[PDB]
Amino acid sequence: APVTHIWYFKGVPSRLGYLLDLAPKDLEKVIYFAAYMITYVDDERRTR
DNA sequence: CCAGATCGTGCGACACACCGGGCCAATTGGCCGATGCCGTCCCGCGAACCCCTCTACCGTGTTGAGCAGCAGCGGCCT
């Protein structure tokens with residue numbers, strides 16, 4: 001299974017957080033299997 | 001003065017100088033040929049060597065200092 005690099009996750013400032021605009025707590029929750037993340041949504045289909 | 005050392009000279013011996021002959025001793029050193037023991041290998045069996053599998057009373061919780069970013073809150077502004 002894929003894993004993350006600790007240098008680009010933990011070190012302040014959280015580079016992943018800055019790039020994706022995620023607070024470090026949310027990122028830590030996601031990567032360490034504590035909450036889901038929505039990675040795709042079909043806006044036009046649901047609106048129709 | 002004059003007689004032996006030194007040297008001249010002479011006669012002989014002569015130890016080889018030659019450069020050429022004519023045979024030989026010692027001493028071979030090869031493996032010739034024949035005989036014999038060891039290295040390698042191909043099984044043969046067996047001791048051990050490692051891996052996998054299953055057992056059903058039941059049983060249910062682990063210092064100080066320096067610098068920077070984030071969360072909560074007081075208080076405008078709409």
# chains A, B, ... in the order shown; residues from 1 in each chain; ligands from 1
>>> closest_atom_pairs(of="chain A", to="chain B", cutoff="12 Å", atoms="only C-alpha atoms (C1' of nucleotides)", output="Markdown table")
| residue | atom | partner | partner_atom | distance |
| --- | --- | --- | --- | --- |
| A:12 | CA | B:69 | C1' | 8.4 |
| A:13 | CA | B:69 | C1' | 8.3 |
| A:14 | CA | B:69 | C1' | 10.9 |
| A:23 | CA | B:70 | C1' | 10.0 |
| A:24 | CA | B:70 | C1' | 10.3 |
| A:25 | CA | B:70 | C1' | 11.0 |
>>> write_last_selection(atoms="N, CA and C atoms", output="mmCIF file, in the first residue's frame")
data_model
loop_
_atom_site.group_PDB
_atom_site.id
_atom_site.type_symbol
_atom_site.label_atom_id
_atom_site.label_comp_id
_atom_site.auth_asym_id
_atom_site.auth_seq_id
_atom_site.Cartn_x
_atom_site.Cartn_y
_atom_site.Cartn_z
ATOM 1 N N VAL A 12 7.327 21.421 10.118
ATOM 2 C CA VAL A 12 6.608 22.696 10.065
ATOM 3 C C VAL A 12 7.349 23.640 9.121
ATOM 4 N N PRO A 13 6.675 24.245 8.126
ATOM 5 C CA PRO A 13 5.256 24.126 7.774
ATOM 6 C C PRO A 13 4.938 22.832 7.037
ATOM 7 N N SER A 14 3.752 22.278 7.267
ATOM 8 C CA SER A 14 3.348 21.047 6.597
ATOM 9 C C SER A 14 3.226 21.313 5.103
ATOM 10 N N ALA A 23 -5.586 21.550 6.897
ATOM 11 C CA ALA A 23 -4.985 21.773 8.198
ATOM 12 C C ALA A 23 -4.209 20.525 8.615
ATOM 13 N N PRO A 24 -3.088 20.684 9.323
ATOM 14 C CA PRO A 24 -2.289 19.499 9.677
ATOM 15 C C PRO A 24 -3.066 18.455 10.456
ATOM 16 N N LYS A 25 -4.010 18.865 11.306
ATOM 17 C CA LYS A 25 -4.798 17.889 12.049
ATOM 18 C C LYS A 25 -5.655 17.044 11.113
#
>>> select_by_dssp(residues="chain A", states="alpha helix (DSSP H)", output="PyMOL selection string")
chain A and resi 7-10+15-20+24-31+43-47
>>> residues_around(residues="residue 15 in chain A", least_positions_apart="5", cutoff="12 Å", atoms="only C-alpha atoms (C1' of nucleotides)", output="JSON, numbers by chain")
{"A": [5, 6, 7, 8, 9, 10, 20, 21, 22, 23, 24, 27]}
>>> residues_around(residues="range 35-47 of chain A", least_positions_apart="5", cutoff="9 Å", atoms="only C-alpha atoms (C1' of nucleotides)", output="list in words")
residues 26, 29 and 30 of chain A
>>> write_last_selection(atoms="N, CA, C and O atoms", output="short mmCIF file (atom, residue, chain, number, x, y, z; two decimals), in the first residue's frame")
data_model
loop_
_atom_site.label_atom_id
_atom_site.label_comp_id
_atom_site.auth_asym_id
_atom_site.auth_seq_id
_atom_site.Cartn_x
_atom_site.Cartn_y
_atom_site.Cartn_z
N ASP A 26 -6.28 17.67 10.12
CA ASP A 26 -7.08 16.92 9.16
C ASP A 26 -6.22 15.95 8.36
O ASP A 26 -6.61 14.80 8.13
N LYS A 29 -5.31 13.05 10.50
CA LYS A 29 -6.47 12.19 10.64
C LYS A 29 -6.65 11.31 9.41
O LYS A 29 -6.97 10.12 9.53
N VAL A 30 -6.46 11.88 8.22
CA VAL A 30 -6.72 11.13 6.99
C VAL A 30 -5.67 10.05 6.79
O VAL A 30 -6.00 8.88 6.54
#
>>> atom_distance(atom1="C1' of residue 67 in chain B", atom2="CA of residue 28 in chain A")
24.8 Å
>>> decode(residues="range 19-44 of chain A", atoms="N, CA and C atoms", output="PDB file, in the first residue's frame")
ATOM      1  N   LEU A  19       0.209  22.791   0.182  1.00  0.00           N
ATOM      2  CA  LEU A  19      -0.093  22.531  -1.222  1.00  0.00           C
ATOM      3  C   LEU A  19      -1.573  22.229  -1.419  1.00  0.00           C
ATOM      4  N   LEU A  20      -2.127  21.328  -0.608  1.00  0.00           N
ATOM      5  CA  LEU A  20      -3.518  20.918  -0.745  1.00  0.00           C
ATOM      6  C   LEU A  20      -4.481  21.782   0.058  1.00  0.00           C
ATOM      7  N   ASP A  21      -3.974  22.679   0.901  1.00  0.00           N
ATOM      8  CA  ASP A  21      -4.816  23.522   1.746  1.00  0.00           C
ATOM      9  C   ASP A  21      -5.633  22.672   2.719  1.00  0.00           C
ATOM     10  N   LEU A  22      -4.933  21.833   3.476  1.00  0.00           N
ATOM     11  CA  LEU A  22      -5.523  21.025   4.532  1.00  0.00           C
ATOM     12  C   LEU A  22      -4.814  21.340   5.837  1.00  0.00           C
ATOM     13  N   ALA A  23      -5.586  21.550   6.897  1.00  0.00           N
ATOM     14  CA  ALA A  23      -4.985  21.773   8.198  1.00  0.00           C
ATOM     15  C   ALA A  23      -4.209  20.525   8.615  1.00  0.00           C
ATOM     16  N   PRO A  24      -3.088  20.684   9.323  1.00  0.00           N
ATOM     17  CA  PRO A  24      -2.289  19.499   9.677  1.00  0.00           C
ATOM     18  C   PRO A  24      -3.066  18.455  10.456  1.00  0.00           C
ATOM     19  N   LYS A  25      -4.010  18.865  11.306  1.00  0.00           N
ATOM     20  CA  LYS A  25      -4.798  17.889  12.049  1.00  0.00           C
ATOM     21  C   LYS A  25      -5.655  17.044  11.113  1.00  0.00           C
ATOM     22  N   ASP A  26      -6.282  17.672  10.117  1.00  0.00           N
ATOM     23  CA  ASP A  26      -7.083  16.917   9.156  1.00  0.00           C
ATOM     24  C   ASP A  26      -6.218  15.949   8.362  1.00  0.00           C
ATOM     25  N   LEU A  27      -5.040  16.399   7.931  1.00  0.00           N
ATOM     26  CA  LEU A  27      -4.147  15.529   7.176  1.00  0.00           C
ATOM     27  C   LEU A  27      -3.705  14.339   8.017  1.00  0.00           C
ATOM     28  N   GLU A  28      -3.336  14.584   9.276  1.00  0.00           N
ATOM     29  CA  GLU A  28      -2.936  13.491  10.154  1.00  0.00           C
ATOM     30  C   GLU A  28      -4.089  12.528  10.384  1.00  0.00           C
ATOM     31  N   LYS A  29      -5.308  13.053  10.501  1.00  0.00           N
ATOM     32  CA  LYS A  29      -6.472  12.188  10.643  1.00  0.00           C
ATOM     33  C   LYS A  29      -6.652  11.310   9.413  1.00  0.00           C
ATOM     34  N   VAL A  30      -6.460  11.879   8.224  1.00  0.00           N
ATOM     35  CA  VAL A  30      -6.719  11.134   6.994  1.00  0.00           C
ATOM     36  C   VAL A  30      -5.668  10.050   6.787  1.00  0.00           C
ATOM     37  N   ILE A  31      -4.384  10.410   6.872  1.00  0.00           N
ATOM     38  CA  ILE A  31      -3.353   9.446   6.489  1.00  0.00           C
ATOM     39  C   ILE A  31      -3.294   8.284   7.471  1.00  0.00           C
ATOM     40  N   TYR A  32      -3.544   8.534   8.757  1.00  0.00           N
ATOM     41  CA  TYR A  32      -3.462   7.494   9.776  1.00  0.00           C
ATOM     42  C   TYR A  32      -4.798   6.802  10.019  1.00  0.00           C
ATOM     43  N   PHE A  33      -5.664   6.749   9.006  1.00  0.00           N
ATOM     44  CA  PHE A  33      -6.863   5.912   9.012  1.00  0.00           C
ATOM     45  C   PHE A  33      -7.765   6.244  10.205  1.00  0.00           C
ATOM     46  N   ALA A  34      -8.284   7.471  10.178  1.00  0.00           N
ATOM     47  CA  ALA A  34      -9.229   7.932  11.184  1.00  0.00           C
ATOM     48  C   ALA A  34     -10.419   8.682  10.607  1.00  0.00           C
ATOM     49  N   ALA A  35     -10.481   8.880   9.293  1.00  0.00           N
ATOM     50  CA  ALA A  35     -11.587   9.589   8.670  1.00  0.00           C
ATOM     51  C   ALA A  35     -11.442   9.473   7.163  1.00  0.00           C
ATOM     52  N   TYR A  36     -12.576   9.469   6.473  1.00  0.00           N
ATOM     53  CA  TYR A  36     -12.560   9.349   5.027  1.00  0.00           C
ATOM     54  C   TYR A  36     -12.244  10.696   4.386  1.00  0.00           C
ATOM     55  N   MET A  37     -11.964  10.656   3.086  1.00  0.00           N
ATOM     56  CA  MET A  37     -11.789  11.862   2.290  1.00  0.00           C
ATOM     57  C   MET A  37     -12.465  11.647   0.947  1.00  0.00           C
ATOM     58  N   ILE A  38     -13.223  12.644   0.505  1.00  0.00           N
ATOM     59  CA  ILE A  38     -13.893  12.589  -0.789  1.00  0.00           C
ATOM     60  C   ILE A  38     -12.907  13.049  -1.853  1.00  0.00           C
ATOM     61  N   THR A  39     -12.611  12.171  -2.812  1.00  0.00           N
ATOM     62  CA  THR A  39     -11.629  12.458  -3.847  1.00  0.00           C
ATOM     63  C   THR A  39     -12.251  12.682  -5.217  1.00  0.00           C
ATOM     64  N   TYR A  40     -13.577  12.624  -5.333  1.00  0.00           N
ATOM     65  CA  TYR A  40     -14.234  12.832  -6.616  1.00  0.00           C
ATOM     66  C   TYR A  40     -15.734  13.014  -6.429  1.00  0.00           C
ATOM     67  N   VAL A  41     -16.310  14.007  -7.102  1.00  0.00           N
ATOM     68  CA  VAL A  41     -17.747  14.256  -7.077  1.00  0.00           C
ATOM     69  C   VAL A  41     -18.169  14.751  -8.452  1.00  0.00           C
ATOM     70  N   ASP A  42     -19.325  14.282  -8.918  1.00  0.00           N
ATOM     71  CA  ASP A  42     -19.881  14.685 -10.208  1.00  0.00           C
ATOM     72  C   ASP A  42     -20.924  15.766  -9.943  1.00  0.00           C
ATOM     73  N   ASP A  43     -20.520  17.027 -10.098  1.00  0.00           N
ATOM     74  CA  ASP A  43     -21.404  18.137  -9.759  1.00  0.00           C
ATOM     75  C   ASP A  43     -22.534  18.288 -10.772  1.00  0.00           C
ATOM     76  N   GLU A  44     -22.206  18.245 -12.066  1.00  0.00           N
ATOM     77  CA  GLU A  44     -23.225  18.473 -13.086  1.00  0.00           C
ATOM     78  C   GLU A  44     -24.301  17.396 -13.038  1.00  0.00           C
TER      79      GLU A  44
END
